[PDB]
Colleague: 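One structure, as structure tokens, below. Some questions next.
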Amino acid sequence: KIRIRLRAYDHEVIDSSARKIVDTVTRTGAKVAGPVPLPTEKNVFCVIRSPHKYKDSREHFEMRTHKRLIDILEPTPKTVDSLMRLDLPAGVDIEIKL
Amino acid sequence: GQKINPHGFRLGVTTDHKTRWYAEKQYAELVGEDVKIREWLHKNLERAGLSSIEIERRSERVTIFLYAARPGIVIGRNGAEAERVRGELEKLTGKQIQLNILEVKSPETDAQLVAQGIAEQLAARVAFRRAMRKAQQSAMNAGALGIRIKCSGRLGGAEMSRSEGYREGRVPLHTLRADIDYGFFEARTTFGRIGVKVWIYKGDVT
Amino acid sequence: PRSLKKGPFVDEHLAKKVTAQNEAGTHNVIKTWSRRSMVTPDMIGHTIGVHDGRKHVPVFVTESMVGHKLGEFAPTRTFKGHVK
Amino acid sequence: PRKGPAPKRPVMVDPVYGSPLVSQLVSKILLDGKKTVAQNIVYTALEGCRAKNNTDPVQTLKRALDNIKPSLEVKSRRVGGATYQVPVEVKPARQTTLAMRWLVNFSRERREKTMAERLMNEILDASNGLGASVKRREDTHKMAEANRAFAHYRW
Amino acid sequence: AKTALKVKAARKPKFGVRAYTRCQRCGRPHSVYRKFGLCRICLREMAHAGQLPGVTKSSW
Amino acid sequence: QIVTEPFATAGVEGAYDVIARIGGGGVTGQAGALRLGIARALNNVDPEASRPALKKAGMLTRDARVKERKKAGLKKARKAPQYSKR
RNA sequence: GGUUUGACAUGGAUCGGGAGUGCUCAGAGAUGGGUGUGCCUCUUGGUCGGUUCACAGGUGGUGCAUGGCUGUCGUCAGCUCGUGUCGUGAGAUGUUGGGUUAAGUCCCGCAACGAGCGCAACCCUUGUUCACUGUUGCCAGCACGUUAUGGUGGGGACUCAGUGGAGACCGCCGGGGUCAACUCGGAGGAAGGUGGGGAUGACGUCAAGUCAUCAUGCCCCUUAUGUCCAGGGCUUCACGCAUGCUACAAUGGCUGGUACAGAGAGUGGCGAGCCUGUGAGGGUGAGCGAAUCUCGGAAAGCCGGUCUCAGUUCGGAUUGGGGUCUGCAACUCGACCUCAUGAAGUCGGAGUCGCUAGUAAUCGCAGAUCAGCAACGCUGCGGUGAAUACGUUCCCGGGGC
Ligand SMILES: CON(C)Cc1ccc(O)c2c1C[C@H]1C[C@H]3[C@H](N(C)C)C(O)=C(C(N)=O)C(=O)[C@@]3(O)C(O)=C1C2=O
Ligand SMILES: [Mg+2]
Ligand SMILES: [Mg+2]
Ligand SMILES: [Mg+2]
Ligand SMILES: [Mg+2]
Ligand SMILES: [Mg+2]
Ligand SMILES: [Mg+2]
Ligand SMILES: [Mg+2]
Ligand SMILES: [Mg+2]
Ligand SMILES: [Mg+2]
Ligand SMILES: [Mg+2]
Ligand SMILES: [Zn+2]
């Protein structure tokens, strides 16, 4: 019941946000499933290092998306208001499935 | 010619990204507006001296941290210049901009402002050796553990290009735990432009 | 080749010019840059100046042309041979 | 290499016949990285061997290998303005390797249709004392004897 | 790139198939990534400077 | 043989059942993983009478040999494009 | 073929109210002509118009005017400084010597004593293990499920996912090593002497590459070297070189059946299922913004049948016919399907290239760009999986004295 999907690029801020969510809902009772980590999206970009005629030397980059999942077993409309009104860091987004 | 950018090398390890937002269907357009914001701010606020522009987004609302040595230019008189630059920012982007301007505690220790000053002196036609020595001495008076400055180009208005450099202390570029601040600027002279690069070893971090 | 269910592609101004020529007498050279178009029976017996990049080379369309494009009859490159 | 003798990977034994020789034979056939194909070939050849003679196929393979094993072989030497063919004694591992390589190559060169019993025919001929492998062993020994005068250049 | 080419690419094409990408910072028409616009060089330099969130060097 | 031989080198023999759930890899890799699993099971069942021989046979060890990654400018992990001077 | 403050910027004036567009006409189109629709404040703005005025524009020149970025010697083991000292001086010493190391890595001695950039380590990934969490993942014990599918309640065991820890340090034992660094052997251990791989490229060299990614000094163009458009070209072909792919077959071809992956991508997208077609495909069309749904089939391999050494049931070039799809449009110049055609090629001259282990060899898979695709390229991913290294004499590159 009540899904919370957290996505960001830094696992430190992911973990901090998940801890804040779970400690908030708990402060409002509502027992909630622990933050379960989904597989991290791993996009890879290869780029010719030089601006011209040098293809054998290249640079690789990744955009790792870290995802965590929270279940709010207890309905608790007070926790509903809390989870819609609290503030989260800009780097992480929130997805609430009612 | 073959050296990596220190900031990119230490990105994620010790230093952090200048932009903090998440978006997976608009990523390109947010990148474009960020580029527009940064170009506009750099082109219209040279006088203040920009260490960094840090961009955050929550929901169609953008937040700009402007790390400047002298925010007097940015704030103008009683925030008039701050209001006008914010208004130009809404005009440029179309979103709600919350702009805040922060000091740099040690401008003589921040590499980007050091490159700013060295390039300004070179443009004002100060002897490059004297400028580099002054910047180096000021950095070590502040208390940096290592300075390295390199000016490349038609130094002194000459014809051939040189790559004159100064350094003392320790600047371990190869060490990832080493906190190395990197700055770069271009002195626009009557003879092309001079590239000034500055590495400053702040210390060691975990 | 073009899908059958989409029909032949005639560039929709070549068609109107050849139809006007049919209505007012099949005697004129129709200048066009539409190498892109499909030869059709309705233009049989006409002469069409197909652009080849620098000049409108004339082709007299006969019965057997129909299954071909206008640009097939207006070569764009000149070779003549290596050396001489 | 300059640093020193690189370590050798241990040789495993064949599960069926329980001899490292057959494993070395399959690893020498072992074209294209197809271990299963190579040892299907090898097992078929050994079974054909035990079909045509009652004796054990591993024993007949061993006898063929001893009949193809070279004792000494000549190598090029850059002494002076002309090249020499210095005869050098061959260690047991090197000579087993040479015997296996020659067996496999001449089996591949045989005229019969299929590789499995091309190799089977070559093995039987070598064990008897005939074939291209034994001929090459004799020729190399003959040329070593011809150039035997340079046994004092060994280092 | 040329300014006329940049504005022509920006404007809606006559036929849908005639559109192309262009580096949104740079104008470069080759090697433009759909994920974040930009181009080869623009991606490399901006990722090094740290304006692209989530993008870091990969050394797996 | 590679999966049966843990029993052969242990005191127990083919009078001792086993159930295996196998995932990933190819046939030979799965064989090696199953062999190591049986060796570890025999280990943690009898770590005194089967441990010495079982470890000496090099079987309570997982070989880290894994496919090396491809590298830029090279056709494969180490294969290089054909060098052509002039 | 059009255009000239210009395709696009910024600023002053000046006449303004529409700009901007829908439908039509002419045109290859650019563009031009119709027709419909026609600012929000306010008495003085947003927006556009011309006329100008400033000005823009240039992938035009110079990479030997430059910045930036990159190759390269070269992952090579080095390159220097402060002070002292020696010498008239350039300069030397340190940094030589002995030992060792992958390493200017350390050790010993030493007119040197120190330090810095490089080496190493810190980072990522892989190999072992623990704690925490348990869905979209997993199913050992428990209860049903349409027969059936962890489908179900449920479970923290196993696997895995991903956060935080542990673990390797010549740390222990023995020998060698004047000792000392190191070195050899052994135990423990998933792993032992740097465990494997990546990121990381010192001072500098080559006036090395890039004025065409960007930026820029100077010079040059300004009813044209700007700029718009249609068509053409970048795809030419007596030839030469280079990098690849498919081959020349039987360790193979064809055919039926049947196993085992990893890493990735997806809403103008990935598309299942069903129907239709020989097929490419078409028609319907769920599901999935995705550990859920889809791409999906892995191929090599194994097993059965068949071909029987044939320029072939090898090879699949070329050429003729009939098509599909994308696209405004496949003539020049797309991929694909199908029918037919069936070229050279019998293992390649002198010469030359890659590779020391999960490597070479081969086997398939995925992604970037991308409507489509000439991709056999590139960057990754796993499957199968070798042979050999006596050695430094010789060839090439480099290091200390
Ligand atoms: C010609 O003008 N005068 C006489 C001198 C000159 C003047 C200005 C330049 O800007 C260059 C040159 C010489 C060329 C020579 C070039 C050549 N290369 C094109 C094959 C070459 O042989 C090498 C090389 N193998 O190393 C180079 O150095 C090179 O590339 C180079 O840098 C050059 C320049 O650009
Ligand atoms: Mg396109
Ligand atoms: Mg080359
Ligand atoms: Mg140059
Ligand atoms: Mg050049
Ligand atoms: Mg290093
Ligand atoms: Mg040059
Ligand atoms: Mg220019
Ligand atoms: Mg071309
Ligand atoms: Mg996605
Ligand atoms: Mg090696
Ligand atoms: Zn760009």
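Side chains included, hydrogens not; waters and symmetry mates left out as well; all remaining heavy atoms used. Chain identifiers are assigned alphabetically (A, B, ...) following the order of the sequence lines, protein sequences preceding nucleic acid strands; residue numbering begins at 1 within each chain.
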Colleague: Under a 3.5 Å limit for both distances, which nucleotide forms a Watson-Crick or G-U wobble pair with G/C293, could you say?
Modeller: G/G266
Colleague: Tell me whether C/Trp33 and G/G231 count as stacked here, given that the ring centres must be under 5.5 Å apart and the planes must differ by less than 30 degrees.
Modeller: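 By the stated criterion, C/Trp33 and G/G231 do not stack.
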Colleague: Does G/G134 pair with anything, Watson-Crick or G-U wobble, both distances under 3.5 Å, and if so, with which nucleotide?
Modeller: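 Paired with G/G134, as far as the under-3.5 Å criterion goes, is G/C160.
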Colleague: Given the structure, check if the side chain of B/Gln2 and the base of G/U72 hold any donor-acceptor pair shorter than 3.5 Å.
Modeller: yes
Colleague: Sugar-phosphate atoms are those with a prime plus P, OP1 and OP2; base atoms are the rest. Using that split, label each nucleotide of nucleotides 395-401 of chain G B, S or - for protein heavy atoms under 4.0 Å, 5' to 3'.
Modeller: -------
Colleague: Strictly below 4.0 Å, heavy-atom distances to any atom of RNA chain G: list the hits from residues 35-42 of chain D, or just say none.
Modeller: D/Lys35, D/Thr36, D/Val37, D/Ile41
Colleague: Can you tell me the Watson-Crick or wobble partner of G/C55, both distances under 3.5 angstrom?
Modeller: G/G6
Colleague: For nucleotides 165-171 of chain G, just jot down a letter per nucleotide in 5' to 3' order: B, S or -, based on protein non-hydrogen atoms under 4.0 Å.
Modeller: -------
Colleague: Using the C1'-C2'-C3'-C4' torsion, classify the pucker of G/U227 as north or south, with positive meaning north.
Modeller: north
Colleague: For G/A90, give the paired nucleotide (Watson-Crick: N1-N3 plus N6-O4 or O6-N4; G-U: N1-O2 and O6-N3; both under 3.5 Å), or none.
Modeller: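 In the structure as shown, G/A90 has no Watson-Crick or wobble partner.
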Colleague: Tell me the partner of G/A340, counting only Watson-Crick (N1-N3 plus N6-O4 or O6-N4) or G-U wobble (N1-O2 and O6-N3) with both under 3.5 Å; none if nothing fits.
Modeller: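 In the structure as shown, G/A340 has G/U319 as its Watson-Crick or wobble partner.
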Colleague: Think E/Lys35 has a side-chain N or O under 4.0 angstrom from the OP1 or OP2 of G/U369?
Modeller: no
Colleague: Under the 5.5 Å and 30° test, is E/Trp60 stacked on the base of G/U125?
Modeller: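 The ring of E/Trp60 is not stacked on G/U125.
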Colleague: Among G/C237, G/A357, G/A371, which is the nearest nucleotide to the side chain of F/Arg78?
Modeller: G/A357
